[PDB]
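*Asks:* I'd like to ask you about the structure that follows.
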Amino acid sequence: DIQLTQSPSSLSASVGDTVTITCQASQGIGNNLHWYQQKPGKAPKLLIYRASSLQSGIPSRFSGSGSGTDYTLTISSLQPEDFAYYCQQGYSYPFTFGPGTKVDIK
Amino acid sequence: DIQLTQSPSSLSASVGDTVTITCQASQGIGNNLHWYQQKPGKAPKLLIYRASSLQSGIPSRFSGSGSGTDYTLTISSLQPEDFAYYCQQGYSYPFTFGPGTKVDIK
Amino acid sequence: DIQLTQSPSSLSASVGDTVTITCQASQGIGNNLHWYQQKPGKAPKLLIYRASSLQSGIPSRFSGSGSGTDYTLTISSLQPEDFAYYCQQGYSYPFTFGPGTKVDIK
Amino acid sequence: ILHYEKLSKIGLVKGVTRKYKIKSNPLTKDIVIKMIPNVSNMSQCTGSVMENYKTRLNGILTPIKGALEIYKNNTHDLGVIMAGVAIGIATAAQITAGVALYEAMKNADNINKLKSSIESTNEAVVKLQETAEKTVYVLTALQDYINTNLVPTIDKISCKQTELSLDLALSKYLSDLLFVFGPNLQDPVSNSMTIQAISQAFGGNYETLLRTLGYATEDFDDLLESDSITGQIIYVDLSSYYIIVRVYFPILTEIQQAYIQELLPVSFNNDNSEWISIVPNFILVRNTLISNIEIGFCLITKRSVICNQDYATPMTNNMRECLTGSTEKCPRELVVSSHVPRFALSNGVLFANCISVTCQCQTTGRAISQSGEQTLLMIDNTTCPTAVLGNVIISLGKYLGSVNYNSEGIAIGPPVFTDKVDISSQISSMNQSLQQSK
Amino acid sequence: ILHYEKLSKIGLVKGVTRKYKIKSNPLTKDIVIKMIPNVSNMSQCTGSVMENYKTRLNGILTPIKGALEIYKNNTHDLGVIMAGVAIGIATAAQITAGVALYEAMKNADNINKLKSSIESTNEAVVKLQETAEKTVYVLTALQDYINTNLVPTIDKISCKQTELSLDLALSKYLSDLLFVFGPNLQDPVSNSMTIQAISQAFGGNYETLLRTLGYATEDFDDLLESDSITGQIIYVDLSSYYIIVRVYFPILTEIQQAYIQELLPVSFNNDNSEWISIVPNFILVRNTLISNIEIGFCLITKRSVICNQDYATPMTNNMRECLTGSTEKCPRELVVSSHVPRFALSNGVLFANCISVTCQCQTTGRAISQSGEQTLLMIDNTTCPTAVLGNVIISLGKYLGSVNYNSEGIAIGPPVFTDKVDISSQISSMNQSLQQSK
Amino acid sequence: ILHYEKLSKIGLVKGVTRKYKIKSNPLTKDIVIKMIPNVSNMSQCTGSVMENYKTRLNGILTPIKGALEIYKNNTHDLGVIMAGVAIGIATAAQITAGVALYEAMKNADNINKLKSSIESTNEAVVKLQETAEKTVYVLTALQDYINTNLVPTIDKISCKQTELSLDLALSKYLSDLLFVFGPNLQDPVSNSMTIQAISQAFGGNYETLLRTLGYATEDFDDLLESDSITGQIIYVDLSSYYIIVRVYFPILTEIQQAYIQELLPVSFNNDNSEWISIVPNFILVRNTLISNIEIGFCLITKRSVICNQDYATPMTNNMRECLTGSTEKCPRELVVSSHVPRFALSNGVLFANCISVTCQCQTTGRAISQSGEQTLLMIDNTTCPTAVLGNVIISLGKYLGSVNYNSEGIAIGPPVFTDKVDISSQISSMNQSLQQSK
Amino acid sequence: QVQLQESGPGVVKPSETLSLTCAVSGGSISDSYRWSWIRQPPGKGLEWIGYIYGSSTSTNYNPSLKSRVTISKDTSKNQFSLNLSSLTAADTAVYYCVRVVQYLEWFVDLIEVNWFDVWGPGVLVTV
Amino acid sequence: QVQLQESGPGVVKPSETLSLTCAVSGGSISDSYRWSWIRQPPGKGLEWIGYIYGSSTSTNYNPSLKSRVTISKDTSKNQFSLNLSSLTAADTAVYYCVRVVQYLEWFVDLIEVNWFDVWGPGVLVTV
Amino acid sequence: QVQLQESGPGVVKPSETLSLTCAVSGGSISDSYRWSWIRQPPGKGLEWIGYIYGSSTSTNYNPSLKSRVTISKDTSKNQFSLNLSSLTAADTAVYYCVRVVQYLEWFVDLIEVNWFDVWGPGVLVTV
Ligand SMILES: *[C@@H]1O[C@H](CO)[C@@H](O)[C@H](O)[C@H]1NC(C)=O
Ligand SMILES: *[C@@H]1O[C@H](CO)[C@@H](O)[C@H](O)[C@H]1NC(C)=O
C-alpha cells in the first residue's frame, strides 16, 4: 500500500488564523490526492479534489498545491464550527487515509 | 505400416444367408478402407470403395459403414458362385491387405 | 595494411627498349591500382589510373592490365628523360606504395 | 448497433464479445544490475581476460552515460524546470521521461552511497540495507556459472583451460547483450523498454528479477504478456561497471462503455461460385461509436482485450454503413483455395454453405438441400434436431431471429482484389479509364 | 500459357520451374512430458523452492485444463455426437479438433493407469510398458542438469548455494516457457501448433523427441522446415504436473498438373531513364488456370515448393492479360537506386541492359552497343561466343526463339508508384480529379 | 529545399539531420569450423552415439557440397571464364559469388593440406601454422562442454549417464543448427549471409570468432549492427566433417552531398476536430533531389544512417509539391485515440496544440489561449519566457522565422483513410462512382 | 440527486452471515458509477471494503477482507447487497453505501483519479 | 477402356536381372493416373511394388524391395518397364501391371484415397 | 585550375607544435573533394597523413601519427591547416597539401577508388 504522512499534527485555532500543512507520500502519486471534509455522525463531504480544485460551496480562502511526493494545503481566517479534514490518496488499491490534523476546540 | 485385423474369420454359407463382418485398424484411417473382389487366375474387381460407396455391377444387398478404427460390412442372401473378398487400406505406404474371410464351399 | 610487391626490380635501359613489370597485392583490390609518375623536387604526376586508363599527356606506348591480386604494366621505346614511377593502391586506409622500379641512368 | 442477422447472410457469423482494458497508475521500485562477475576465488586463473573484457564493456557503456548527462546537466528545481535552449530538439515522451529521471536521482544518490558494498557481492542475488527501513537488491551476471562450475573444478583441469572457459563464457554473454544494449539503443532517456528486454543484462531471467522485487497481483501474467511492465536506466557507473534500473508496475483499468466484437468468416454461394467477405474481424464500440483497432499489438484472452495504450483507429463511412445494415456496400473476393472455412456455430445454431459441403439430417435420415438462389443455410432444431456434416455429428438449439430466415434474400456487394500488385494494377487501370472518359 | 519472349523484353527473365506439394494423411503417436524434475537424491538441499515452484506452475496450468474440460464434458458416443447448446460458439477447426480429442481419450486413460510409475522417473528419457505390445516414453525437463551438475558437486559447495542454483535454473526455465504456454494460449483444443513450439516444455530439444518416437522418412527435414509436424495436448495432471501430447506425422502429396514458375527481374531503358516492372515473381498454374500464391508461408527448395495448406489467391484480369502477352497492361516503376540488377542468364543466354553496364565481345575485342530505342539486348553465340561484363567473362549458347529478337520493339505500359504513403496521395488526387470533372 | 515554416503549421516539426553512409571495399580472411567434438579422452563412454550423429550430419551437409560443385566444376582460367551452357540459369549476384568462390579455391587447397592436423584439435580455439608467414584458426563446436563438464565427472557418475548427457547435448546443437543450415539454405554460393547467422555452427558466439580473426576499427559495432559483416562457405569436408568460411570485413563510405531529415508529428485543430498528417517521417536528399528511403533496413544512430546498400525509393510529384510548400496537397487523417502526441520542441521553441492540452505562462501567471481558427501555437520568449504544460515546466529561446507566425493562416488538404480494408472499400466506391458518371 | 438507504438486521450473533442491502433512489443503479461499501468502527476511522461496477459485472475487494466478502446488484429493485461471513468482536461498525467518482487524465500516459463525495445514512451492526 | 499386356522373358536364371514391359492400349500412358506393379507369388497373396506418375517423372517404391528395383516409362510405345535385380528362390510369381485411381477429399484438411480397379492379364517368371 | 601554397614557420625547436596552413586559389575549399597532407622526409619517399572533407566536417588520419595530429579548415580565407605535436628527429621533411580525387564504381556492390593528381609546391620544416 501507499503510506501517507502529515506535518504538523496540531490545529488549535480561533476565528482569524492562518495555517499551512503538508502531506507526504511513499512515492509519487501525480495529483491523485484530496483534502476531505468529514462530518460527525452522518455523510462526510469534500474540500479540495485533484489537489488544486476547489469544491463548490467552500470558502475561497483554502488553497492547495503540490508535486511528486509533497503536497501542501493553506488556510486563512478560520471559522471554528467545522470539525474534520484529512489528506487522502486514490492512486493505488485499497484507498487509504493519512494521520491528519483537523479543527480542534481548546 | 498400418496393420488390419478382421472378425470373424469363417464364411461357410449357401444361397439365402445373412452375415456381418468387421475390420479393425492400428489407428484411424478416415474412410480410406475398401472391400475388394478378388478373382481367381485373372484380374480382380471391387465391391465397395471409400467404405460406403457401392461399385457398379454389384447387388444392392451389400452395405458398409464405419468410423475411426472400426469398419463393418453387411451381406444378405448369398450366391455361392463368387469367390474372394477382403478389406484393404490405402491410407499409408505401402498398401496392405487384412487377413480376410471369403466365400467358401463346404 | 595491404602490402604490395613488384617484379622485377631493375630498369636500366636506353632509347628504344621494351619492358614488362608486375605488381602483386596481399589480397584482391579490384582495379584500385595506379601506376604513378613522380617528379624529383616538386609536384609529381600520373601515368595510369584505375589500372587500365591512360592519363592525358602520356605517350600511347604505355599499357596496363590485371586482375585479382596480379597486375602488369608494359612499356615500349623508352625515352630516358623521365625519372620515377611506382605502383600504388587506394583500396584500404592508409594509402601505400610498392617497392618500385623506375627509369635509371647507367 | 451492428446488424448481425443481415451480416450472417454474407458469411460473417457472430463470435465472442470481450471487454477493453488499458494499463495505468504504476508503482516504482529500484534495483542494481552488475555486469561483471567477482573472480576473487579464482584470481590465479584469469590471465589478461578481465582487462580486455573491461575495455570492451567500457566502449559499450560510454555513449549511454553520455546520453543521460544531457538531461542531467540541464534540469534543476524552480516543480522542476528544464532548459529548452540546451536541450534543443525533443518529443513530448522524451521530455516527460527526463522529468522522471530527475525525480529518480535522489534515491540514485542514496544507493550510490554503498559503492564499496556493491563491488564486493559474491552471489547471484544479494540484499543490502539502504536505510534501516529500506533495502536494495543486487543481481550479478554469470556469478552462478563461476560459483557452480569453474570454482569446484580448479584442480581437475589446468589453469589455461579454466581461463579459456571463462573467456568463452564472457564472449557469449556479450554476443547476447549487444542486440539490446548496443548501437540500437540511441535514446535511453525513455521509459518504454520492456522488462523482458532489460533482463538480457541478467541472462534473460526476468522471473527472478520480478520475484525478488516482491510484486504480487492476480493480473501478473496478463501484465507481463501485454508488454505493460517497463524499466528505465537511471545511473551508469563506469569504474565498477554497474547500472541502476527503475521498474514500473501498473494496474489495469476497464473502460466503462466499450467492447470488442469478433466476427467469424464463412464462404457463401453466388452465381455458381464461392466468395468471401472483405471486412475486419474485430470491431471496437465506445459509447455507440464504431471504429477499427490495431489488435495485433494487444493480448487477447477469452474475457477481455488487454493493451498498453489506446489503439483505436478511424473507419470510413462506407464500411460503417456496411456494418449497420447496407450489405450492398460490403466488398467481396473470389475463393480459389480449398482451405477456406465452410461452416460455423453461433449460440447453438449452425450456419453452413451446404453447396460446398454435404449436409444430412440424422434424425430423419434425409438430405438437407440448398438451392442456387441462396447464399447459406441456417440450421436449428425446428427442422433438424441433429445434423451430420462430414465426420461431425452435432445436436442443435433454437434460433432467436426471424422464422423466415431461409426464404428471404439479400442484396450483394461489388467484387474486389486485395493482392498488393493487384492494387497498383487496379489504380493504374482506373486512372487510364478516367483519362479516357475526359 | 505464359509468353516468355515478350516478358523478357520488359526485364522479366525466365527462371526455374518447381513442383507443388501439400501435407496429408498423418500418423499419430503419444508421448508424456513431465514439467518438474525429481530431487530425491538431493532432498536435503531444496529448502522451500519446490513449493513455490509448484504454486506458480499450478497457476499456469489450471486454465488449460479448464479449456479442455468444456469439450470433454459435452461429447459422447451416439460415431460421436457433440452438444451444440453447451458449446455455444466455435469454428469448424475447433469442432474437428474436439472430435480428435475425444478419439484420443482412450489411450489417454490407458497411459494414466501408470501414474505412480510416471512420478518415479529419474532420467531425461525413460521407456515404460503400457501393454505387452505397446510402450510409452517419458521426457523430464531439467533432469540432465540435476543429474550431471548439482548432484556430483554436493560436498564441494554448501547446501545454500545448491539451493540458489536450483532456484535460478527453475526460474530461467519458466522465463522460457511463458511465451508458448502462458496467456497467449487461449485455444488449446486445436491441432495447429508446431512441434518446435511444443518442445519448449523440454528445453527446445525437438530432435530428441522425434528420434525417440521413431519416425524415419526421406522427406523428414522438408516436413520439419515447412511447419508440417504438429502436436495436440490431450491431458493435464495437476497433482503430478505432467501433460500428454499426441504428435501428427504426415506424408507429402504432389498435385498432378500444377507448377510454380519464377521470374527474375532486370532493369531496362526507356526515354533516357531506367525502369523496373511491378509484377509478382512466383506464379501458380493449375490445369491451365493462373493465380497468385502466398509463398512466404511455404518452403522453397530447388525442385519443389512445400506447403502445409493450399495457399492459392486470385488474380485480376488485367494482370492475367499482362502475363499472356499484352505488355501495355504491365505497370512499371522508376529506378533511383544503384542496387537494382542489370543482367541475367537464362538457358545459357544473356539478357543485359548494355546502356547501364559496359559490354564487350571477348572473341573479336569489339564493343557491344545498344541504341536509345531498345530496352535490353539478348546475347548468344550467333554474335558473341564469349562476352565480358565488368569483371565477369562468360561463354554462351544459342537462343531458341525468334532470330529477329534485337530488331523488333515492344509496347510499354503505364508508370506507377508503390510506396505506402504514395498510395494514399494518389487515391486522394484521383478522387479530387473525379470530383473536378463532375 | 524543404519549407519547414509551412510544414510546422500542419504538425510536422523539424527534427535532427543525419549523414548517409554505405559499406564498401571489404578485407577478407579465412577460418575453419569443425562441427564434431573430439572424444578421445572419454572414448569408453560413447556407445553408438557418434555413428548416428555422423549419419545425420552427413545427410545435412551433402546438398551444400552438391550445390558448390556445380560452379566448381564449370570454371577455369582463361581472368576467369565461366561456362554458361552448363550453369543454365542464374542471377548476377550468383555469378559474381561464383567468381569469388573460384578466387578462394587456392587458399582452400593450401589449408586442406593440413587435414590430419585439423582432425586432432582438442580445444575450442586452436592456431595452426599454414605457412611460415600465415596462420589459420580452428573453432570446434561443443568442445568446451566436453572438456569442462563431462571429462571432470567421469567417476562421479556411471558410463550410461555420461553417454545420455552427450546424446542430449548433440541433439540440442542440431536443433539450433537446423534453421540456418537446413533445407532453408538452397543457394549457398552467395556472399550475403551475416556472420551472426554463420556463427550458429559455433553456438552463436560471433564475438570470439571476430576477436580471434583480429579485426579492429572504431566503426566495429556500427558495422556489426547494420548487418554489413558477411561470410561465404568455400569448402565442405564430409569425411572429417568441417567447413571453411571466408569473412568479408568492409569500411564505411560517406556520400558527399546527401542527408536524411526527420520530421516529428504533432496533432492540430481544424473545424472542431483533431487531425494528423499522413507524410513520411524520413526524407533523403541527394544533390537537391528528394526521395523516400526504406529506413527499416538500416541502422539509425544519433549522427548518421548506416546501410549495407543504397535504399532510395521514388516519390510522387504531389508529395514532392507537399514537401516544398503546397500544403493543400498533403493529406490528413482523423484522430480517435488519446495516445497521439500534442506538442514538440525544436531549436528551443515550443509547438503545441493548446486546445487539446492546457498551456500556461509561468512568468506572468496568465493563460495562453488558442482560437478556433488556428491550427497550433508557436511559443518562444518574446511572449512567454517560461511555459507550463501539465507537469512540465520549460524555459524557451527565440524563434528565427517570421514575427507574424501566429496571425497568418494556412491552406489545408483533403482527408484520407489508411486502413487496409478501407483501401479496398474506397477503391470499390471510386470505381462505382466512375461507372455511375459514365 | 442520488438518495441512498442501508437496510439489514440490526443485531446478529457472532460468526453469523451479515447481508446488507442498499436501496438507491434519485437515479438508476445501472449508471456509469461505482457503488462501494465503507466501514467505520466506533472509536476508529473509515475503511474501504469494495465495489461492483454499475454498467458491468466486475467487482473489486479489499485484500484484508477479501475471502469473507461478496457483492451483488439487482437492477429490478435498484438495490445492491453485501454479504460478510464470520462476524467477530471488532466487526461492530456503521456501514455506508457510497458512490465513487472517477476521472481519467490523459497526458502522454493514463492516470485514473478516484474520490468520495456522496454516501448514505448508515446503520449499526452489533455482534 | 484401357487394355494392358505384360511381356518379358518367361524363364531367367537366379540372380539375373528381370525386365518386364507392360504395353498400354486403349489409353495414353501420359494420363493423370498411376501405373503400378503387383506381385502375387503362387500359394500366396498380392503385394504392391511401386509406381511412376503418368504426368511427371516422380516414382515410388516398396521399402522391402526398394534397393533392387527401378521403374521407367516410354511415351512413344506407351510402355512402362520394371527392372528387378538379384532374383531369388521366392521371386517366382505372377506380375500385374495395374492402373491406380486416386481421389482427394478436402474437409478442413487433406486426405488422399487410393484403390485398385483395373489390372493386366499377368505373366509368370521362373527362377 | 587549382593552385596551392604551403605556409608556416621554417624552423621550429624539437617537441614544439607545428602549424602549417595551405592557402588555395583557383577554386573554393568547399568543393566536394578531399584536402590531404603528405610527408616526404629527405632521403625517403612519400607517406600520407590525413584529410578533411570539403563539403562536411569529417576527418581521417593515419594510424601511426593519429594522436599527435589535428586538421581544420577555414572557408573565409579558403585555407586549411594541420597541427602536429611533439616534433622529433625524423620529423624533418617536406609537406605537401594535395587535392584527392575519388570515383565510385557500382557493380553489384560498391568500391571507391582514390588516387593523387595535384599537390602543392611544398615547404621545409627543420627540427
Ligand atoms: C430446441 O432448442 C432450444 C434451445 O435450448 C430448446 O429450448 C428446445 O427445447 C429445443 N426443441 C426441440 C424440439 O428440441
Ligand atoms: C552455340 O551454342 C549451342 C548451344 O549448346 C551449341 O550447340 C552450338 O554448337 C554453339 N555454336 C557455336 C558456333 O559456338
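Chains as they are written, first to last, in PDB author numbering: chain E, 1 to 106; chain D, 1 to 106; chain F, 1 to 106; chain A, 27 to 104, 112 to 471; chain C, 27 to 104, 112 to 471; chain B, 27 to 104, 112 to 471; chain H, 1 to 127; chain I, 1 to 127; chain G, 1 to 127. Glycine is no exception: its CB is placed at the ideal position from the N, C-alpha and C atoms.
1) Which residue's Cα is closest to the Cα of C:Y292: C:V213, C:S428, C:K35, C:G41?
2) How would you list, in chain order, the residues of chain B whose beta-carbon sits under 8 Å from the beta-carbon of A:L297?
3) Cα separation between A:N314 and A:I326?
4) Is there at least one Cβ from chain C nearer than 9 Å to I:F107's Cβ?
5) Quick one: using the 10 Å Cβ neighbour count with 16 as the cut-off for buried, is G:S36 buried or exposed?
6) Where B:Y268 and B:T101 are concerned, what is the direct C-alpha to C-alpha distance, given to the nearest angstrom?
7) I'd like to know if the segment 439-456 of chain A and the segment 337-349 of chain C are in contact, where contact means that at least 3 CB-CB pairs between them fall below 8 Å.
8) Can you list, in chain order, the residues of the segment 310-338 of chain C whose Cβ is nearer than 7 Å to any Cβ on chain A?
9) Would you kindly check if the distance between the Cβ of G:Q1 and the Cβ of G:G27 is under 9 Å?
10) Counting only runs of 3+ residues fully inside the segment 290-341 of chain C, write out the beta strand (DSSP E) ranges in chain order.
11) Can you look up A:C392 in the DSSP assignment and give me helix, strand or coil?
12) Along chain A, in chain order, which residues have C-beta atoms closer than 8 Å to that of B:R375?
13) Counting only C-beta atoms, is E:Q27 closer than 9 Å to chain A at any point?
14) Just to make sure I have the definition right: I need the residues of chain I whose C-beta is within less than 7 Å of the C-beta of A:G423. Which are they?
15) Applying the 10 Å Cβ sphere with the 16-neighbour rule, what's the burial state of B:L104?
16) Whose CA, out of B:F214, B:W308, B:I276, lies closest to the CA of B:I445?
17) Measuring alpha carbon to alpha carbon, tell me which residue in B:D254, B:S261, B:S34 is nearest A:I86.
18) Do I:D31 and D:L46 come within 9 Å of each other at the CB atom, strictly closer than that value?
19) Go ahead and pull the three-state DSSP assignment for H:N114.
20) How do the segment 90-104 of chain I and the segment 71-81 of chain D stand: do at least 3 beta-carbon pairs fall below 8 Å, yes or no?
21) Thinking just about the alpha-carbon of each residue, which of I:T21, I:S56, I:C22 is nearest to the one in I:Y33?
22) Between H:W35 and chain E, is there a C-beta pair that is closer than 9 Å?
*Replies:* The structure says:
1) For this step, residue 292 of chain C is matched to residue 259 along the fifth sequence. Considering only alpha carbons, the answer is C:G41.
2) Position 264 of the fourth sequence, counted from the start, is the residue given in the question as residue 297 of chain A. Result: empty, since nearest Cβ-Cβ is about 16 Å, beyond 8 Å.
3) By 1-based counting over the fourth sequence, the position of residue 314 of chain A is 281. By 1-based counting over the fourth sequence, the position of residue 326 of chain A is 293. One C-alpha to the other measures close to 10 Å.
4) Taking the first residue of the eighth sequence as 1, we reach residue 107 of chain I at position 107. By this cut-off, I:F107 is an interface position.
5) As a working mapping, residue 36 of chain G is identified with position 36 in the ninth sequence. Classification for G:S36: buried.
6) For this step, residue 268 of chain B is matched to residue 235 along the sixth sequence. For this step, residue 101 of chain B is matched to residue 75 along the sixth sequence. Roughly 16 Å between the two C-alpha positions.
7) yes
8) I311, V312, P313, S324, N325
9) Counting from 1 along the ninth sequence, the entry for residue 27 of chain G is found at position 27. Counting from 1 along the ninth sequence, the entry for residue 1 of chain G is found at position 1. Taking 9 Å as the Cβ cut-off, G:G27 and G:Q1 qualify as a contacting pair.
10) 291-298, 307-310, 315-319, 322-326, 337-340
11) Numbered from its first residue, the fourth sequence carries residue 392 of chain A at position 359. A:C392: strand per DSSP, three-state reduction.
12) Walking along the sixth sequence from the start, residue 375 of chain B turns up at place 342. Within 8 Å Cβ-Cβ: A125.
13) Locating residue 27 of chain E in the first sequence gives position 27, where the first residue counts as 1. With 9 Å as the cut-off, E:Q27 counts as an interface residue toward chain A.
14) Here residue 423 of chain A corresponds to residue number 390 of the fourth sequence, with the count starting at 1. Residues of chain I passing the Cβ test: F107.
15) In the sixth sequence, counting from the first residue as 1, residue 104 of chain B sits at position 78. The residue in question, B:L104, is exposed, as its Cβ has fewer than 16 Cβ neighbours within 10 Å.
16) The residue given as residue 445 of chain B occupies position 412 in the sixth sequence. Ranking B:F214, B:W308, B:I276 by Cα distance to B:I445 puts B:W308 first.
17) Position 60 of the fourth sequence, counted from the first residue, corresponds to residue 86 of chain A. Ranking B:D254, B:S261, B:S34 by Cα distance to A:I86 puts B:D254 first.
18) Counting from one through the second sequence, the residue named residue 46 of chain D turns up at place 46. Counting from one through the eighth sequence, the residue named residue 31 of chain I turns up at place 31. The answer is no: Cβ separation not under 9 Å.
19) Within the seventh sequence, residue 114 of chain H is the residue found at index 114, counting from 1. Reduced to three states, the DSSP call for H:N114 is strand.
20) Note that the segment 90-104 of chain I does not touch the segment 71-81 of chain D; fewer than 3 beta-carbon pairs, one per stretch, sit closer than 8 Å.
21) Position 33 of the eighth sequence, counting from 1, holds the residue named residue 33 of chain I. Nearest option by C-alpha distance: I:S56.
22) Indexing the seventh sequence from 1 puts residue 35 of chain H at position 35. It does not; no Cβ of chain E falls within 9 Å.
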